[PDB]
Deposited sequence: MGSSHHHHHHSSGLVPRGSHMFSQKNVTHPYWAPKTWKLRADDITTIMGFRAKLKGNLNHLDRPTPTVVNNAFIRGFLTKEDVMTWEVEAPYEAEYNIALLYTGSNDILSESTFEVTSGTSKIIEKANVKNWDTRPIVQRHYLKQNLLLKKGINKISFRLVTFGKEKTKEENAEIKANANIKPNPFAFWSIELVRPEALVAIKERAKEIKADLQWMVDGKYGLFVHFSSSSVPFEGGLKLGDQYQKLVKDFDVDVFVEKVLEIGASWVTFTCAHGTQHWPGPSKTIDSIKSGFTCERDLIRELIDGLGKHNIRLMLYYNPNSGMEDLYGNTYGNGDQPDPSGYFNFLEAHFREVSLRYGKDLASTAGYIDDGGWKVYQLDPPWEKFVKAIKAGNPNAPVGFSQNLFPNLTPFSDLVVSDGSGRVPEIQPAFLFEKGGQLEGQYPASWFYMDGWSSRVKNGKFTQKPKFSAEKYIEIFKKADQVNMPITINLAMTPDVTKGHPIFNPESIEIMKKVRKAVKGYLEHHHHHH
């Protein structure tokens, strides 16, 4: 039943002794009813969970390679019905080491939906090849307000780190942690999707089909005046949303495949345009969308999977961009998309990415989108996920305490008023705002009261010119009232 392309097939995992190593559940050999959605091509499959932990025989077994004997702390990532978790007991074994612990009940209503569970007892691993097994030994089941889809115990990944390496890791995470006071004081910012799939206002090919032209015609002063009108204190600008087109020079991208960069350094002109008004610029970057047409498969070609080429492209890219603009750019990683669903599954070197992001700007906030997952890496700065058009969740305080799901991160909200990508048909915007201006005022007012920065998206036409509104005027009108209620004079 279970299908895995050789790049995703179970295999022996080299443990990095000074580091957190993460191993996806599908990389273990599976017995019994344990199953996962098919993974037939080299392309990552988001829904990687392992399901089927119904009996004491549904066992999964990893083969790890510990360079020497040592005690590793174990973390499990899983989700499922709280009625199942309330009566589920884990068993982690290797050789004669045997950890037994009850599951944690999710006692918060917000994200993260998947939880990270640090087991109390450590795990001895011999030198060389080890076999690590995971299974349930006691079982809950779902109880009786009436839906259809079940919510079984679903296993995502196992994590292993020597407790000495963990303390040292957290020490360096603390030493480079970003100061987000400029974001708290700014109160809110603008998310702008320069999406490769958006159709121009005036008609024509989508952005990803005439990218260089639209970058040459982009009017920075038209854009900066609308940003300044709505009160935004920063802009998170979409690079490579849907394709790997990048709105400026890049020796790293050019070195993989030509055609994706621009002669016009639009990033530079956005920095200088916005900076006349003390408005900062952070980048969105998508490391998967259209990557097959730039780098190819994340794990390469040839018989066996090798991510190192992919990882180096990312590190060099983050580094070059960070150095090219320096402190002038607030961050080249304000929003790195699908850090959780996609990047996490390759077991990436998070620290190298982060050191690359901060190389030119040591206060650059790093925001890997963790989707519905807990903190991706101790080196995160911001909570990052896609809020669609909903009221922002207030994540309870205890998630951010030591041990917590989100320890080390600072709350932040990312969502849209009308839509993510503009959908303009016949010179009229087709995505209206979701809420009344009064509700948005309440949203922004509460986020200000709790010092949670907000980055709201207003859908934008990709042809930024003088000819037409680039933002939905209803959306703009709402945001002008928001600016009055939150950033204007109060008495």
field: Where the deposited sequence has no C-alpha coordinates (positions from 1, in order)
entry: 1-24, 169-177, 525-530
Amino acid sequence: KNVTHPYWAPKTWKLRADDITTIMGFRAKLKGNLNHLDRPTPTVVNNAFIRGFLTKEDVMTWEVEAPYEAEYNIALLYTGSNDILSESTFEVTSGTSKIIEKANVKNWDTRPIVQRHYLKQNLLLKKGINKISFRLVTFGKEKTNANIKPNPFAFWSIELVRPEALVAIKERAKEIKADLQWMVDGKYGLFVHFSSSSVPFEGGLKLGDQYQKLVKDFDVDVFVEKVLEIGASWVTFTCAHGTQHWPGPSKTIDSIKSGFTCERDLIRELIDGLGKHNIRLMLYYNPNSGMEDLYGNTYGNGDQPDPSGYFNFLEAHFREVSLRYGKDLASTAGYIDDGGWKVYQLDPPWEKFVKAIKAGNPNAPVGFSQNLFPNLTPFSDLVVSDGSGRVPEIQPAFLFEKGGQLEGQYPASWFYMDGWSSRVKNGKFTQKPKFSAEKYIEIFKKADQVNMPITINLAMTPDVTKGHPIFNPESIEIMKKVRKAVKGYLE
From here on, numbers count along this sequence of modelled residues.
message: I need to verify one thing: averaged over C-alpha atoms only, is the B-factor higher for 205-213 or for 342-350?
response: 205-213
field: Selected stretch [higher average CA B-factor]: 463-471 or 20-28
entry: 463-471
message: So if I compare the CA B-factors in the entry for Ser385, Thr236, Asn122, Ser233, which one is the largest?
response: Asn122
- prompt: Per the coordinate record, which of the options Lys149, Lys402, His317, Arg390 holds the highest CA temperature factor?
  reply: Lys402
- prompt: Looking at the C-alpha B-factor of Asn363, is it in the lowest, middle or highest third of its chain?
  reply: middle
CA B-factor placement of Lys445, once the chain's modelled residues are sorted into thirds: lowest
statement: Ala9: CA B-factor among chain residues, third -> middle
task: Would you mind ranking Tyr299 by its C-alpha B-factor against the rest of the chain and naming the third, lowest, middle or highest?
output: middle
query: What third of its chain, lowest, middle or highest, does the C-alpha temperature factor of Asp272 fall into?
result: middle
